[PDB]
Amino acid sequence: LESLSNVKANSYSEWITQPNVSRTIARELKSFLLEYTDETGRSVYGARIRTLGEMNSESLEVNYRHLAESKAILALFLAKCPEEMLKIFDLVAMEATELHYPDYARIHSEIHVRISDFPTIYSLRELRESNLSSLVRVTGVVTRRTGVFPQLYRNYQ
Amino acid sequence: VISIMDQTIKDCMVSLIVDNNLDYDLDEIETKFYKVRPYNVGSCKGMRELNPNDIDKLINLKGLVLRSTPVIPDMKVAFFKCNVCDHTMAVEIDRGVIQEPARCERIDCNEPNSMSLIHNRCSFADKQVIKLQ
Amino acid sequence: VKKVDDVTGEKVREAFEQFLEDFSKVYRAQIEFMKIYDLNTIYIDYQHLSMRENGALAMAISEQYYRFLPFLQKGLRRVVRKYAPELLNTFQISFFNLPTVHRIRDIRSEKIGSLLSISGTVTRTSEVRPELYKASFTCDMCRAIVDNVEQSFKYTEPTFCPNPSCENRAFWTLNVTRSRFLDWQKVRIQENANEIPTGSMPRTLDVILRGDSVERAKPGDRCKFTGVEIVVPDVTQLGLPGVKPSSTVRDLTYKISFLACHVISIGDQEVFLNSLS
Amino acid sequence: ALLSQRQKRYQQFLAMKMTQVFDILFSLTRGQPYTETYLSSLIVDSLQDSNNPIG
Amino acid sequence: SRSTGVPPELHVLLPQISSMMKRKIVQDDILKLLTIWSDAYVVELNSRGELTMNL
Ligand SMILES: [Zn+2]
Ligand SMILES: [Zn+2]
């Protein structure tokens, strides 16, 4: 089924929105979150989920490169259509961590995924039109900052 | 007078040139519009002396320029295109009013309220507002 | 229903494509250069344009540029399809090198819709923003979708649902994904000292920049622009003396602005010597 | 003779420059009512920004 | 992310690789990978004078 996700007859976002493809990579994401190997480190994400469920943290942190090794095209789809991919990765992380920490939904309703160590970096003068609707990493200085207020509730800034 | 002068100029071209067989350098003049502007009216009573009974009567004044607005384009011809069949009309202005067609003029296309105004294909005339002291 | 065939524009497009295909071959090379580096704009030199059809093609394009502009876009989209489908699967035109430069006082309503080049010292610049170029909408009564909704200087919603099974009108949802946006910037330029007689006031004018031309205007620069004259909706003309035209009632006041498709700033011996006869 | 050649050369400077001048009028000028005073101010402003300006 | 198949230059790839490796990767490191498997990557040089690699 993973190879079938490579074979695409539509646009990148169009293929993902298909319910069969969405459930296909949902299973593929679910498989990886518990199955990984780092030689001596072995399944580091098993410990990552362990300490995250220990803290009941809402911040679901993932390293970018690790996903691209076990699941080659799964990480690249995440990069090209981050909104569509993270939408279901919210549910997959919820169900995968509930394999280790069930009844997590009893207290927290959602699991927003925090990507880390994304390799491609852009400056504020390099944001081309082609970079729209894509995951980007930029660096700068905090000039203006607003307060904390709830949004239609959850915090917003 | 202006219409008379325009006709007089047309008559002058017809009578004094081609009827006189002098030349024929008047072909385009039949179409172009003229205007004659009276300037040397007798000395007038100035701005502060004007009265309501003087309305619409030509007068004379002197003064100083203070403010000048840029060249405002005033509409003279409107360009309409049908939003479903792309037919183009040419509606002129009659006494400062624009008549928007309610239906497409083509026999085949009779959709009501199907016409649209294209701003940049219209024809405009130069208007300048000047302030005199 | 067969639409009206604008025979004048189609003849322009045929000549415009033939100009691209035949003129010596930088224009073919330019498209390939765009493909390599993912470029979005093609520049055309007007002196090259005047060298075909004994200048008649250039004059016709120059005098009614706003009318023929879609036909030139259709002309190039065929060519990029023909010789660079990658670019087609990924678009602006910019003219320059006009032989005459018109001063700010030459901006008159008789030239609306024609191509002209002006010179004027820049006084202000505004921050760039994206401008809606070609939008798309989805129906409300049904789930139909409307694409390729050109705006043409106003917020134009579709006038009909394309499906006969739906009767929706004047209700739409704006799409933020399939729609395309373009960079846009406003520049205030001022007449030069050498343009006006001594002791006289200098004029001012507002110029519009789109696409790659943005951020090329720097305050204090003696920039030169190339583009066409347009009219934008204006409400400041109300209250002025004189009889005001009306449409039916709606008011239709206008003010003149300039749309520039090209920006250059003008202030080594071998470079200098090559530009002189 | 040297002064004569100075005169001869300088007119050729204007005699050849006129080639790039009839493109100025041909391009965006549209009627006869244009007077020489208005045209002269236009010509100098078109060549003012070039490397070889004209008075 | 590229609309064309032209590979990006090495001077962009290596900084991106180095951050992922938590260790700086230099030009000579690429030649080690090429020695092990000759058909691993295309190694055509860019006309700009910058090394490139591609699948
Ligand atoms: Zn119609
Ligand atoms: Zn509908």
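Each value, and the rule that gives it
- Residues numbered from 1 in each chain as written, not as in the entry; some residues may be left out.
- Chains lettered and ligands numbered in written order.
- Part of a larger assembly, values for the part shown.
- Heavy atoms only, no water.
- Pairing = 2+ DSSP bridges.
- Helix = DSSP H or I, 4+ residues; strand = E, 2+ residues; numbered from the N terminus.
- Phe/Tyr/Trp six-rings, centres within 6.5 Å; stacked < 30°, edge-to-face > 60°.
- Buried < 20%, exposed > 50% of the residue type's maximum accessible area, 1.4 Å probe, protein only.
- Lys NZ or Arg CZ within 6 Å of the ring centre and 35° of its normal.
- Contact = heavy atoms within 4.5 Å.
- Buried area = accessible area lost by both parts, 1.4 Å probe.
- Salt bridge = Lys/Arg side-chain N within 4 Å of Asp/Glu carboxyl O.
- Polar contact = N/O pair within 3.5 Å; in protein donor to acceptor, adjacent residues only side chain to side chain.
- Nonpolar A, V, L, I, M, F, W, Y, C, P; charged D, E, K, R; others polar.

- As documented in the archive entry, the model was determined using cryo-EM at 3.3 Å resolution.

1. So, the pairing of strand β5 (residues 129-139) of chain C
Residue and element names in this part refer to chain C.
Here is step 1 of the chain: Inspection of the sheet shows β5 paired to strand β8 (residues 180-190) by five bridges, in the antiparallel sense. Counterpart to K134 in the pairing with β8 is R180.
Here is step 2 of the chain: Across four bridges, the pairing between β5 and strand β6 (residues 145-150) is antiparallel. Among the inter-strand pairings, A135 is bridged to a residue of β6, identified as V149.
Here is step 3 of the chain: The antiparallel hairpin formed by β5 and β6 contains five residues in its connecting segment.
Here is step 4 of the chain: Pairing of β5 with strand β7 (residues 172-174) involves three bridges; the strand directions are antiparallel. Bridge assignment links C139 to a residue of β7, and that residue is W172.

2. Regarding the packing of aromatic side chains
Here is step 1 of the chain: Within the structure shown, the criterion is met by 13 aromatic pairs over all chains.
Here is step 2 of the chain: For the ring pair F19 of chain C and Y27 of chain C, a centre distance of 5.1 Å and an interplane angle of 55° mean the geometry is tilted. Taken individually, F19 of chain C and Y27 of chain C each receive the classification buried, so the pair is uniform in this respect.
Here is step 3 of the chain: With a centroid separation of 5.4 Å and an interplanar angle of 75°, the aromatic rings of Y34 of chain D and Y38 of chain D are classed as edge-to-face.
Here is step 4 of the chain: A relative accessible area of 21% places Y34 of chain D in the partly exposed class.
Here is step 5 of the chain: Classification of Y38 of chain D as buried rests on a relative accessible area of 18%.
Here is step 6 of the chain: Through a chain of ring-to-ring contacts, the aromatic side chains of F32, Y36 and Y45 of chain A assemble into a single cluster.
Here is step 7 of the chain: The positively charged end of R103 of chain C is found above the aromatic ring belonging to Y38 of chain D, 5.0 Å away from the centroid.

3. As for the environment of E95 of chain A
Here is step 1 of the chain: Its place among the elements puts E95 of chain A in helix α7 (residues 82-100).
Here is step 2 of the chain: Each C-alpha atom of the pair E95 of chain A and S134 of chain A lies 26 Å from the other, and the pair is 39 residues apart in sequence.

4. Let's talk about the interface of chain E and chain C
Here is step 1 of the chain: Contact with chain E, which involves six residues of that partner, is made by six residues of chain C.
Here is step 2 of the chain: For the pair chain E and chain C, the summed buried surface comes to about 410 Å²; carbon and sulfur atoms form 43% of the total.
Here is step 3 of the chain: Area buried by chain E at its contact with chain C is led by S3, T4 and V6 of chain E, which between them contribute 82% of it.
Here is step 4 of the chain: The interface formed by chain E and chain C holds zero salt bridges in total.
Here is step 5 of the chain: Counting across the interface, chain E meets chain C through two residue pairs in polar contact.
Here is step 6 of the chain: Among the residues forming the side of chain E that touches chain C, the class breakdown is one nonpolar, three polar and two charged.

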